[PDB]
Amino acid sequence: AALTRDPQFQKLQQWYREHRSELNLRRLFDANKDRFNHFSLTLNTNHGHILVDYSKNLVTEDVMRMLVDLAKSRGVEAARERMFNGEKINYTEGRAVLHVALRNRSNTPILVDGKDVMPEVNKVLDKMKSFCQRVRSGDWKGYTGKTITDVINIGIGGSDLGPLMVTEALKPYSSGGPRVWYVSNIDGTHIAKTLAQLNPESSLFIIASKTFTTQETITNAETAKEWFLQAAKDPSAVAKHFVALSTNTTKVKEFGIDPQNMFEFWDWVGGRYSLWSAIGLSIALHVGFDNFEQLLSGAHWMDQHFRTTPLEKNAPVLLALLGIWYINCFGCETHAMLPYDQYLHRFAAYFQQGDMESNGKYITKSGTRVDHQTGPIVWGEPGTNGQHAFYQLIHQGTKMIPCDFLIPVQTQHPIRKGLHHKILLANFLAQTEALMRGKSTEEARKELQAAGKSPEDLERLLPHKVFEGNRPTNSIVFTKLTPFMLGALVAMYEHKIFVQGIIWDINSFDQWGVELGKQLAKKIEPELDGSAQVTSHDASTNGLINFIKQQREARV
């Protein structure tokens, strides 16, 4: 593959093999009291600062130099320009990749097929703004003359995870907005338990799907429309309670949605990069279009940072390169994202798609099979909860796990004169300090003796109380989790993912891996009808189906 043949990558791998056992964080910090200043970036967005402290990583100045040289050798800057200039860098599908245009507040022209896309981008934004003002003010009325109290987004994957994550993260900014609900699973309990809590007269359904053919979403949509029409009866009332977010006007029309109720986006908006488009309507209804615009503006700021900053001081580039170091030299399978913020509780789940569906790939641009690792498994839970669930393994298991710890300095809820947030910050700081420093046999022994342990209780317990440490982390600290700041943070990780894919020579913007499961499900669906045994598959699929048919009738 490209990367394995690259001379700067080989230089990196060789340095790693020779100097690996020289990378100990305790000794690195004891030896260089300027390590924080040299291995961190402080960004002023003018709407909050962002400190990206990457100094608790297993790197030296030489390692960072070699990584930046790898980015240059792999052509990261030229690929970036291709994206921003509207070239068809999604080469398997022959499409541009222009989520950056969706938030291009500067309205600099971006040409696709020789045509500036920004007028169309701004036309839809204007339509979203109008619609949100009317719904939130109460001017948009239901079929019995009532204001909308509940907005229900029906969509899955990229049509769900983004808006859900953002409305959870920005819940303090939703005063005066309708309640927002997210229905995504085809599993009928999802729509069933939602609809049981809603009044058809004051519920607005948003049907979100790029192609508008996804079975889960269309089936949920028909179930909601049947439920609505059982109450309203009048088919003309659907135009007051159903809108669609999509690129497929025909399928939206055939589903029965008023064409004036379609909020359009384009084929160069990837689903996992789509919350910035019409797909974000549920965000703008919930927290208002002004806050949605702030969210776009934060992403736009980080877009310009990525575009204008020399690589050695460029935040998404450095984050991407530290990942390459741990993925392709240290061999770490996973990457944990640990926001110390309850409002960010769906942030890790969002970048499970954003990261893993982008870079969970194995074919390069030349059609060649990679001979190296690509994207990691992303996971995580908010702090401090994770400390009492799985940090045991991070501290004392047998896995190397690069971790990003994130926290806002200022809380949305400064209760008890800031006591809760002070403890939260103390734990945020302590855990990365603990992961780095550990605790030696000698230090553990002195503690046990001071505690009063007998020589026999001490010797039995001692080895279990040792922390080997040397476990690397990023600490990402920002002034406050505002709409703007969330936009900048999400964009920062979007460009991290971009840079890694360019280095790996893969396509971060296609997803051919979802097709096989969809084909096979289409063939099994009809076979579940009737009680006849199935013999048309492998023995396991047959046996599972036939067990399902046996127990479908059992009375528990």
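So that the term is clear: the rigid core is the largest set of C-alpha atoms that superpose within 1.5 Å between two forms. From 1 onward, residues are counted along the sequence shown.
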property: Stretch farther from the shown model on average in 7 other deposited structures of this protein, with CA RMS computed after core superposition (450-458, 318-326); result: 450-458
property: Segment of greater CA departure in 7 other deposited structures of this protein, 204-212 or 300-308, core superposed; result: 204-212
property: Higher-B stretch (mean Cα B-factor, as the entry records it), 430-438 or 175-183; result: 175-183
property: Comparing 525-533 with 60-68, the one whose average Cα B-factor in the PDB entry is higher; result: 525-533
property: Deposited CA B-factor, highest of 280, 472, 452, 418; result: 452
property: C-alpha B-factor winner, where the candidates are 359, 194, 479, 144; result: 144
property: CA B-factor ranking of residue 494, expressed as a third of its chain; result: lowest
property: Residue 257 - which third its CA temperature factor falls in, relative to the rest of the chain; result: highest
property: Residue 516 CA temperature factor, ranked by third within the chain; result: highest
property: Residue 333 CA temperature factor, ranked by third within the chain; result: lowest
property: Position of residue 212 among the chain's modelled residues by C-alpha B-factor, lowest, middle or highest third; result: highest
